[PDB]
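Presented below, as structure tokens, is a lone chain in the form deposited in one PDB entry.
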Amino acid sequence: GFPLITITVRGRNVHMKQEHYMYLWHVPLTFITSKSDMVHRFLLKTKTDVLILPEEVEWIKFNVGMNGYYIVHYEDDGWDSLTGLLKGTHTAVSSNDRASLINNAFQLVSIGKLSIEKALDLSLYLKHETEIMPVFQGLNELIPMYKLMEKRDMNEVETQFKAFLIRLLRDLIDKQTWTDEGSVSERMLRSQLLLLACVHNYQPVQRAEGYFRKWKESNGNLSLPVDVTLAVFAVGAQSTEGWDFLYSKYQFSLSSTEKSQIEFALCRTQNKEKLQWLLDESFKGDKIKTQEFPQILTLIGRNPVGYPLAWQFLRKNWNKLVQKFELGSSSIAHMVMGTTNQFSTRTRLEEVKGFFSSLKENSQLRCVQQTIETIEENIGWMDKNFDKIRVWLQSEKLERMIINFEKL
């Protein structure tokens, strides 16, 4: 794995410890502080050392002068400190530094060194965030949690959780215009942020219904801003009329990003016959490219109504999937992981091992070990974190209705 630096402050004394998560090197560390001007330097040569600050401080931020991945830990004292910072004055650190913190906190939950309540507490400056970088890294952390909840009997906490995400990003969703305007970062943020809102049935779905209905009523002759099409197709594909129509454009569409967008829309339908239809003609290979099947199987497997037909399909048709798509192929590795790597129970983990060792010669793929390891990890994580997250969600809802701080 990677370097893990632990930072402990005791007045003016900064303790620095290095270790390798999963013996020793000269670690080029930098840092700023609540009193600090510039970026200060320290070469940790040893397991641990201490440096002296000229005065006491309210928060400290470290970076390691290396390429690639590393986590910086601090601890209960230090994470609280940075949290209050991010919530008071979040641009006191850079766009990437805020993304580092977010990524680190949540990995440290998975590693067992910070609680899930403390990360979920940190993620609340997010209602004050603007920049794309922490917003996506934010999503990269949180969305996986509900993907695990969707495959389980956890509907009430699933909904309170997504309700919490959308509440995080509500002001930044409301700010977007339904145009193609701005820089590459602002176009990508608009696109993914409007699609997220529609995915989560943020009521003000309607806007996308309107644009969709207009677009359809014109037989596709009106132009839609390109930044907004994914949303529009996605909520437009929730009806059968809109699904059938959007599919008609697919056949006659000689545009490749257009066909991709439409592919996504149709795969997110809660109509299961259509999911079964998509998987069938995709696999037949004549109404849809067989090249597309690896994607379509996986998009459906993440579909909260679609996941049991993907996995089932993968299993009934395994011998023909290997003929078309070979065994060693990345295609088959993609389809395995995408249909099973989001399970988080004992029954589910044995279901996989069951199915894949029953293959014999045809069993020895390491994607089966990865998707076991990841399922083992999910099981551990859920077993540990679901009751915590559930109490945190219910609790955080309640302090907005009334906390002792909120006057009295």
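Rigid core (definition): largest C-alpha set, two forms, superposition within 1.5 Å. From 1 onward, residues are counted along the sequence shown.
Note that the form deposited in another entry isn't included here; everything after this is about it.
For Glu55, a C-alpha deviation of 2 angstroms or more is recorded between the shown form and the other one after rigid-core alignment.
Superposition on the rigid core between the shown form and the other one places the CA atom of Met16 2 Å or more away from its counterpart.
Comparing the forms between the shown form and the other one on their rigid core, the Cα displacement of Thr33 reaches 2 Å or more.
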